[PDB]
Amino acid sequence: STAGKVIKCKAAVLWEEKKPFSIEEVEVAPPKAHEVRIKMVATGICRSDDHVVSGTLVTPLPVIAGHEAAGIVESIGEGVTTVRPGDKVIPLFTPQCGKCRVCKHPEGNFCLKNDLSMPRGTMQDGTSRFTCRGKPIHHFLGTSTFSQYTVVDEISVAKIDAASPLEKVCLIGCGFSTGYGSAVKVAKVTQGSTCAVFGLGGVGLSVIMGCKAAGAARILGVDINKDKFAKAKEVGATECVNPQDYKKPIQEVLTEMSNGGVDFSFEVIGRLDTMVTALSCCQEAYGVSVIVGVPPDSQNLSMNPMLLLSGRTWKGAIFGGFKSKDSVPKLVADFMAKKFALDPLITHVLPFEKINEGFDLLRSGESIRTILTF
């Protein structure tokens, strides 16, 4: 038995920015009250994880990163009612406490217990369950999935279908749900509309999936890497454009293509300039633009508010606007019911021990999602 005992296991520890992950032995404490210790089965490589390495995202180091994953409950602390040992689960990088003003609001999902805004890198109780070489190691978004075992707060885990294929449904933990929800729930893309999607990575392809599902007539994919176009078309893009191909700025190109601006635009990269371009390319009177990408820490964009005064709507969202604990099990059920596909997002499957190679694939432009298997 491992319950109630410290587990020694393998994890990918990030000791400092801009270095490879160190794959080594860590100690994982048993869960305290209202906590859940999970044996990880599969975890995806999201660009947000790379942002921690690059310094685009600031979070306390050293850290066990990883937030897009699925595993099986090893044990539960006192008072846990929502999962049991043996359950398949997905860690929730946006928690759902169920009690705060946001959780109580019909539209809101950015639960006040989150560790994104002001990251502490701990459990809810302000402590860490991880040590490595006798040093405490920070958590990441209350998830820390780049480890054979993690411990999460109960509000940061959802029970999912016992028959789920964990090496696919881990994508529901971030990239798929984010993209899909940003289209269907946050933008509320309409039938017959014209959409523009900036960035054709895992998250942008999921936005295309959601736009198609919502009945968009035109879905214009935008990427500087033309190698991304074929897959974008497979999942629903009607045309793809590379800004580098044009003499005019792409907002102008897109406005011309859409005969005066798009209905819905999406920034799915993480650049300040493309956030403004995506806003500008939506129709000035009734267009809607959704920011999905994570921008570099502490940088402000510059924009002319006349873009809004004419009637545009600008919004952003975390995790596709989904209330995480309510939504994740339904999304997995929908997947098992063949309501959407995940395979188009998965280009590579590697053992966990090849985590660095997985990051290199992302950074080189060659992968969409690499799934790491434990």
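Position 1 is the first residue in the sequence shown; the rest follow in order.
Open item on the list: If you take the mean CA temperature factor per stretch, which one wins between 132 to 140 and 187 to 195?
Closed with: If you average the C-alpha B-factors of 187 to 195 and of 132 to 140, the larger mean comes out for 132 to 140.
Task: 72 to 80 versus 283 to 291 - greater average Cα B-factor per the deposited record - done: Mean C-alpha B-factor is greater for 72 to 80.
TODO: Pick out which of 165, 173, 261, 202 has the highest C-alpha B-factor in the PDB entry.
DONE: Spelled out: the listed residue with the top C-alpha B-factor is 165.
TODO: Would you mind checking which of 311, 316, 305, 30 has the top Cα temperature factor in the PDB entry?
DONE: Spelled out: the listed residue with the top C-alpha B-factor is 30.
Task: Where the record places residue 267 (Cα B-factor, split into thirds across the chain) - done: According to the entry, residue 267 has a C-alpha B-factor in the chain's lowest third.
Task: Relative C-alpha B-factor of residue 248, binned into the chain's lowest, middle or highest third - done: Tercile = highest for this residue's CA B-factor.
Task: Position of residue 120 among the chain's modelled residues by C-alpha B-factor, lowest, middle or highest third - done: It falls in the top third of the chain.
Open item on the list: For the chain shown, is the CA B-factor of residue 55 in the lowest, middle or highest third of its modelled residues?
Closed with: Within its chain, residue 55 is a highest-third residue by C-alpha B-factor, going by the deposited values.
Open item on the list: Test of reading the entry: by CA B factor among the chain's modelled residues, which third contains residue 334?
Closed with: Its C-alpha B-factor belongs to the highest third of this chain's values.
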